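Let me begin by presenting the structure, written as structure tokens, before commenting on it.
Please treat every number below as a calculation from the coordinates, not as lab data. With ideal geometry, Cβ positions are generated from the backbone for all residues, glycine too; neighbour counts draw on all protein chains shown.
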2 protein chains.
Amino acid sequence: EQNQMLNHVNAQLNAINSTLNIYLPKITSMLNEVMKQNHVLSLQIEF
Amino acid sequence: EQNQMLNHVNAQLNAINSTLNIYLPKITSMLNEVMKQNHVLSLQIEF
């Protein structure tokens, strides 16, 4: 019982944790693009 | 077998979880900067 439950812990956590690794660089890039776009809006307002 | 698989679980999860700890303060700082920049845009529109 203990080893198979631990294998279940391994597979569930590794799969969710790899999913988190995939998601976070998307968030960082999107925020950088938002800040750049806000900078473009500032330049348009100065125009 | 069980101990080495548990060591693999420890190393994979600790490495991913430290990576998440590195990523999240960047997201919080970037959001604070975006809100500050939106405030700057509001002041420019009031001008």
Query raised in the report: In whole Å, what is the distance between the alpha-carbon centres of chain B and the range A:27-43?
Result: 17
Report summary line: Expressed to one decimal in nm², the mean projection of the alpha carbon convex hull of the protein assembly as shown is 7.1
**Report entry** Structure-based [θ]222 nm, chain B - -39500 (n - 2.57) summed over DSSP H runs of at least 4, per residue, nearest 500
**Finding:** -35500 deg cm²/dmol
Query - Whole-number D in µm² s⁻¹ for chain A, Kirkwood Cα-pair radius fed into Stokes-Einstein, 20 °C, 1.002 mPa s - result: 156
Query - ³J(HN,Hα) computed for each position of the range B:20-31 - Karplus, 6.51 cos²θ - 1.76 cosθ + 1.60, integer Hz, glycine/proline x - result: 4, 4, 5, 5, 4, x, 5, 4, 4, 4, 4, 4
Query - Net charge of Cβ neighbours under 14 Å - reference residue A:39; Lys, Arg +1; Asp, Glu -1 - result: -1
Query raised in the report: By how many nm would the segment from residue A:35 to residue A:22 lengthen if fully extended, with 0.36 nm per residue of separation less the alpha-carbon distance?
Result: 2.5 nm
